[PDB]
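Structure file upload-v7.cif (mmCIF, C-alpha atoms (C1' of nucleotides) and all ligand atoms; chains and numbers go by the auth columns) is printed below.
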data_work
loop_
_atom_site.group_PDB
_atom_site.id
_atom_site.type_symbol
_atom_site.label_atom_id
_atom_site.label_comp_id
_atom_site.label_asym_id
_atom_site.label_seq_id
_atom_site.Cartn_x
_atom_site.Cartn_y
_atom_site.Cartn_z
_atom_site.B_iso_or_equiv
_atom_site.auth_seq_id
_atom_site.auth_asym_id
ATOM 1 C CA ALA A 1 26.950 16.524 -29.519 0.00 12 M
ATOM 2 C CA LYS A 2 23.827 14.356 -28.628 0.00 13 M
ATOM 3 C CA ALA A 3 23.567 14.056 -24.770 0.00 14 M
ATOM 4 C CA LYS A 4 21.481 11.068 -23.450 0.00 15 M
ATOM 5 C CA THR A 5 20.489 11.626 -19.733 0.00 16 M
ATOM 6 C CA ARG A 6 22.198 8.991 -17.484 0.00 17 M
ATOM 7 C CA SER A 7 18.745 8.158 -15.951 0.00 18 M
ATOM 8 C CA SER A 8 17.905 6.867 -19.513 0.00 19 M
ATOM 9 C CA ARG A 9 21.228 4.859 -19.673 0.00 20 M
ATOM 10 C CA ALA A 10 20.024 3.036 -16.463 0.00 21 M
ATOM 11 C CA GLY A 11 16.331 2.899 -17.520 0.00 22 M
ATOM 12 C CA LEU A 12 15.482 4.785 -14.291 0.00 23 M
ATOM 13 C CA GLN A 13 12.799 7.527 -14.049 0.00 24 M
ATOM 14 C CA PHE A 14 14.690 8.905 -10.945 0.00 25 M
ATOM 15 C CA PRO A 15 17.322 11.559 -11.873 0.00 26 M
ATOM 16 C CA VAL A 16 20.767 9.809 -11.499 0.00 27 M
ATOM 17 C CA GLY A 17 22.257 13.261 -12.307 0.00 28 M
ATOM 18 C CA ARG A 18 20.539 15.195 -9.451 0.00 29 M
ATOM 19 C CA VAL A 19 21.402 12.259 -7.092 0.00 30 M
ATOM 20 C CA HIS A 20 25.168 12.557 -8.084 0.00 31 M
ATOM 21 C CA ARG A 21 25.142 16.354 -7.381 0.00 32 M
ATOM 22 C CA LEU A 22 23.132 16.078 -4.084 0.00 33 M
ATOM 23 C CA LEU A 23 25.733 13.465 -2.896 0.00 34 M
ATOM 24 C CA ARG A 24 28.872 15.573 -3.770 0.00 35 M
ATOM 25 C CA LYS A 25 27.209 18.755 -2.282 0.00 36 M
ATOM 26 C CA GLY A 26 25.864 16.642 0.639 0.00 37 M
ATOM 27 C CA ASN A 27 29.297 16.410 2.339 0.00 38 M
ATOM 28 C CA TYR A 28 28.771 12.587 2.456 0.00 39 M
ATOM 29 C CA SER A 29 32.323 12.016 1.014 0.00 40 M
ATOM 30 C CA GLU A 30 35.266 13.633 -0.844 0.00 41 M
ATOM 31 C CA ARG A 31 34.745 11.311 -3.890 0.00 42 M
ATOM 32 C CA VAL A 32 31.526 9.670 -5.277 0.00 43 M
ATOM 33 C CA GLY A 33 31.976 6.716 -7.711 0.00 44 M
ATOM 34 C CA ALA A 34 29.769 7.103 -10.891 0.00 45 M
ATOM 35 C CA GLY A 35 27.719 3.880 -10.318 0.00 46 M
ATOM 36 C CA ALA A 36 26.713 5.076 -6.784 0.00 47 M
ATOM 37 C CA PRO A 37 24.077 7.661 -7.927 0.00 48 M
ATOM 38 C CA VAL A 38 22.615 5.114 -10.442 0.00 49 M
ATOM 39 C CA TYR A 39 22.498 2.446 -7.641 0.00 50 M
ATOM 40 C CA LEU A 40 20.828 5.004 -5.319 0.00 51 M
ATOM 41 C CA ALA A 41 18.247 6.596 -7.786 0.00 52 M
ATOM 42 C CA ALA A 42 17.440 2.899 -8.572 0.00 53 M
ATOM 43 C CA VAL A 43 16.775 1.944 -4.899 0.00 54 M
ATOM 44 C CA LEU A 44 14.870 5.283 -4.524 0.00 55 M
ATOM 45 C CA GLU A 45 12.594 4.707 -7.587 0.00 56 M
ATOM 46 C CA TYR A 46 12.031 1.079 -6.354 0.00 57 M
ATOM 47 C CA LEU A 47 10.742 1.947 -2.807 0.00 58 M
ATOM 48 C CA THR A 48 8.772 4.849 -4.423 0.00 59 M
ATOM 49 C CA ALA A 49 6.888 2.250 -6.600 0.00 60 M
ATOM 50 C CA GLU A 50 6.626 -0.315 -3.740 0.00 61 M
ATOM 51 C CA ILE A 51 4.620 2.329 -1.727 0.00 62 M
ATOM 52 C CA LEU A 52 2.768 3.795 -4.813 0.00 63 M
ATOM 53 C "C1'" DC B 1 -50.299 -41.571 48.640 0.00 1 J
ATOM 54 C "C1'" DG B 2 -46.795 -40.506 44.600 0.00 2 J
ATOM 55 C "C1'" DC B 3 -47.371 -38.923 40.592 0.00 3 J
ATOM 56 C "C1'" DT B 4 -48.466 -35.714 37.779 0.00 4 J
ATOM 57 C "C1'" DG B 5 -50.187 -32.410 35.784 0.00 5 J
ATOM 58 C "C1'" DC B 6 -50.625 -28.294 35.576 0.00 6 J
ATOM 59 C "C1'" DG B 7 -50.041 -23.998 36.362 0.00 7 J
ATOM 60 C "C1'" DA B 8 -47.380 -21.033 37.233 0.00 8 J
ATOM 61 C "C1'" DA B 9 -43.006 -18.598 37.616 0.00 9 J
ATOM 62 C "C1'" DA B 10 -38.907 -17.874 36.297 0.00 10 J
ATOM 63 C "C1'" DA B 11 -36.013 -17.010 33.627 0.00 11 J
ATOM 64 C "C1'" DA B 12 -34.566 -17.641 28.808 0.00 12 J
ATOM 65 C "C1'" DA B 13 -34.900 -16.313 25.276 0.00 13 J
ATOM 66 C "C1'" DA B 14 -36.787 -14.669 21.361 0.00 14 J
ATOM 67 C "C1'" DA B 15 -38.995 -12.035 18.688 0.00 15 J
ATOM 68 C "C1'" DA B 16 -40.351 -8.063 17.310 0.00 16 J
ATOM 69 C "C1'" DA B 17 -41.322 -3.607 17.457 0.00 17 J
ATOM 70 C "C1'" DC B 18 -39.056 1.003 17.541 0.00 18 J
ATOM 71 C "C1'" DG B 19 -35.731 4.458 16.465 0.00 19 J
ATOM 72 C "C1'" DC B 20 -31.394 5.548 15.622 0.00 20 J
ATOM 73 C "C1'" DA B 21 -27.017 5.768 13.303 0.00 21 J
ATOM 74 C "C1'" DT B 22 -24.207 4.399 9.251 0.00 22 J
ATOM 75 C "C1'" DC B 23 -24.369 3.672 4.063 0.00 23 J
ATOM 76 C "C1'" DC B 24 -25.371 4.991 -0.565 0.00 24 J
ATOM 77 C "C1'" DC B 25 -27.617 7.301 -4.207 0.00 25 J
ATOM 78 C "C1'" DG B 26 -27.250 11.173 -7.932 0.00 26 J
ATOM 79 C "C1'" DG B 27 -26.870 15.866 -9.098 0.00 27 J
ATOM 80 C "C1'" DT B 28 -24.445 20.626 -7.106 0.00 28 J
ATOM 81 C "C1'" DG B 29 -20.527 23.373 -7.549 0.00 29 J
ATOM 82 C "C1'" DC B 30 -15.671 24.477 -6.303 0.00 30 J
ATOM 83 C "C1'" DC B 31 -11.023 24.035 -6.344 0.00 31 J
ATOM 84 C "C1'" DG B 32 -6.923 21.899 -7.112 0.00 32 J
ATOM 85 C "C1'" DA B 33 -4.989 18.657 -9.988 0.00 33 J
ATOM 86 C "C1'" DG B 34 -3.149 18.087 -14.346 0.00 34 J
ATOM 87 C "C1'" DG B 35 -1.503 19.982 -18.537 0.00 35 J
ATOM 88 C "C1'" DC B 36 0.031 23.332 -21.497 0.00 36 J
ATOM 89 C "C1'" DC B 37 3.634 28.136 -22.273 0.00 37 J
ATOM 90 C "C1'" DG B 38 8.268 29.834 -22.171 0.00 38 J
ATOM 91 C "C1'" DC B 39 12.662 29.963 -20.131 0.00 39 J
ATOM 92 C "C1'" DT B 40 16.399 29.476 -17.268 0.00 40 J
ATOM 93 C "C1'" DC B 41 20.101 26.994 -14.818 0.00 41 J
ATOM 94 C "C1'" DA B 42 21.643 22.403 -13.787 0.00 42 J
ATOM 95 C "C1'" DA B 43 22.905 18.059 -16.241 0.00 43 J
ATOM 96 C "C1'" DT B 44 25.918 16.237 -20.308 0.00 44 J
ATOM 97 C "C1'" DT B 45 30.175 16.104 -23.480 0.00 45 J
ATOM 98 C "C1'" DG B 46 34.748 15.429 -23.674 0.00 46 J
ATOM 99 C "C1'" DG B 47 39.132 15.687 -22.128 0.00 47 J
ATOM 100 C "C1'" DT B 48 43.038 16.912 -18.704 0.00 48 J
ATOM 101 C "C1'" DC B 49 45.357 15.667 -14.500 0.00 49 J
ATOM 102 C "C1'" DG B 50 46.708 13.302 -10.331 0.00 50 J
ATOM 103 C "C1'" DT B 51 45.829 10.150 -6.773 0.00 51 J
ATOM 104 C "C1'" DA B 52 42.451 6.670 -4.439 0.00 52 J
ATOM 105 C "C1'" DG B 53 42.192 2.001 -4.505 0.00 53 J
ATOM 106 C "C1'" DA B 54 43.368 -2.639 -6.653 0.00 54 J
ATOM 107 C "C1'" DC B 55 47.145 -6.280 -6.397 0.00 55 J
ATOM 108 C "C1'" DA B 56 50.924 -8.771 -5.151 0.00 56 J
ATOM 109 C "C1'" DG B 57 52.868 -10.079 -1.762 0.00 57 J
ATOM 110 C "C1'" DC B 58 55.520 -9.772 3.537 0.00 58 J
ATOM 111 C "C1'" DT B 59 54.821 -10.071 8.355 0.00 59 J
ATOM 112 C "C1'" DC B 60 53.602 -11.641 13.136 0.00 60 J
ATOM 113 C "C1'" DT B 61 48.655 -11.462 15.775 0.00 61 J
ATOM 114 C "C1'" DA B 62 45.636 -13.535 17.334 0.00 62 J
ATOM 115 C "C1'" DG B 63 42.378 -16.499 16.751 0.00 63 J
ATOM 116 C "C1'" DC B 64 41.026 -21.968 16.614 0.00 64 J
ATOM 117 C "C1'" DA B 65 42.209 -27.092 18.853 0.00 65 J
ATOM 118 C "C1'" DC B 66 43.768 -30.147 22.237 0.00 66 J
ATOM 119 C "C1'" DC B 67 44.364 -31.215 27.145 0.00 67 J
ATOM 120 C "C1'" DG B 68 43.632 -32.668 31.570 0.00 68 J
ATOM 121 C "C1'" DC B 69 43.341 -30.464 37.116 0.00 69 J
ATOM 122 C "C1'" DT B 70 40.152 -27.868 39.927 0.00 70 J
ATOM 123 C "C1'" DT B 71 36.451 -26.128 41.104 0.00 71 J
ATOM 124 C "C1'" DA B 72 32.106 -23.687 41.042 0.00 72 J
ATOM 125 C "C1'" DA B 73 28.145 -23.795 38.813 0.00 73 J
ATOM 126 C "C1'" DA B 74 24.239 -26.788 36.249 0.00 74 J
ATOM 127 C "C1'" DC B 75 20.972 -30.217 37.034 0.00 75 J
ATOM 128 C "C1'" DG B 76 17.248 -31.968 39.688 0.00 76 J
ATOM 129 C "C1'" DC B 77 13.809 -33.385 42.941 0.00 77 J
ATOM 130 C "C1'" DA B 78 11.224 -32.819 46.910 0.00 78 J
ATOM 131 C "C1'" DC B 79 8.788 -30.184 50.119 0.00 79 J
ATOM 132 C "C1'" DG B 80 6.198 -26.577 51.310 0.00 80 J
ATOM 133 C "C1'" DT B 81 4.614 -21.697 51.260 0.00 81 J
ATOM 134 C "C1'" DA B 82 3.442 -17.481 49.363 0.00 82 J
ATOM 135 C "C1'" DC B 83 1.433 -15.847 45.512 0.00 83 J
ATOM 136 C "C1'" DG B 84 -1.929 -15.597 41.188 0.00 84 J
ATOM 137 C "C1'" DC B 85 -6.301 -16.186 40.259 0.00 85 J
ATOM 138 C "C1'" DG B 86 -11.372 -16.112 40.201 0.00 86 J
ATOM 139 C "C1'" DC B 87 -16.039 -15.059 42.219 0.00 87 J
ATOM 140 C "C1'" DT B 88 -19.119 -11.576 44.634 0.00 88 J
ATOM 141 C "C1'" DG B 89 -20.853 -7.348 46.524 0.00 89 J
HETATM 142 CL CL CL C . 30.423 3.620 -8.536 0.00 101 M
#
Do you think you could lay out the structure here as structure tokens?
Ligand SMILES: [Cl-]
Amino acid sequence: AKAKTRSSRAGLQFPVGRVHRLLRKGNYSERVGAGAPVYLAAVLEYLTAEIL
DNA sequence: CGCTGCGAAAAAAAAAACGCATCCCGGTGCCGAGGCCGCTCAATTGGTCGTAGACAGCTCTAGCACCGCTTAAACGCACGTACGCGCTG
């Protein structure tokens, strides 16, 4: 019943959920692994901080 | 005479005066950030299905050594010429 947001499970502020959707609806591939969005929201957050 | 000293005279160069532009100080005032209000649709859960990819091997390619013959490049040096380089008007 209690739904923790994946972004929390990675300790990322970047939305690992919205990254997963954007990828599947991006037409990048047929199938997205479940680590991929994590890995990507991570890298995104990181470069966001590096500039900020 | 030469030396010299000075007295320009000539720039140097300095300094200093002028005036101009760039900074900064401190109080206006304006607008857009930043923070609340609800609310709606996109993320989560959990759970079913079916197939992408991990593995365990089987093949035969094609990539890595070795090896002298035969050249055509490389190395290299010497001589000389055309070019790059800098100053002035
Ligand atoms: Cl993954």
(message) as a PyMOL selection string, could you give me every residue of chain J near chain M (at most 8 Å apart, counting only C-alpha atoms (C1' of nucleotides))?
(response) chain J and resi 43-45
(request) Tell me which residues the PyMOL selection byres (((not hetatm)) within 8 of (chain M and resi 101)) grabs here, as an MDAnalysis selection string. (result) chainID M and resid 43:48
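Atom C1' of residue 35 of chain J to atom CA of residue 63 of chain M spans 21.6 Å [interatomic distance, one decimal].
Taking atom CA of residue 53 of chain M and atom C1' of residue 42 of chain J as endpoints, the distance between them is 20.6 Å.
Going from atom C1' of residue 89 of chain J to atom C1' of residue 10 of chain J covers 23.3 Å.
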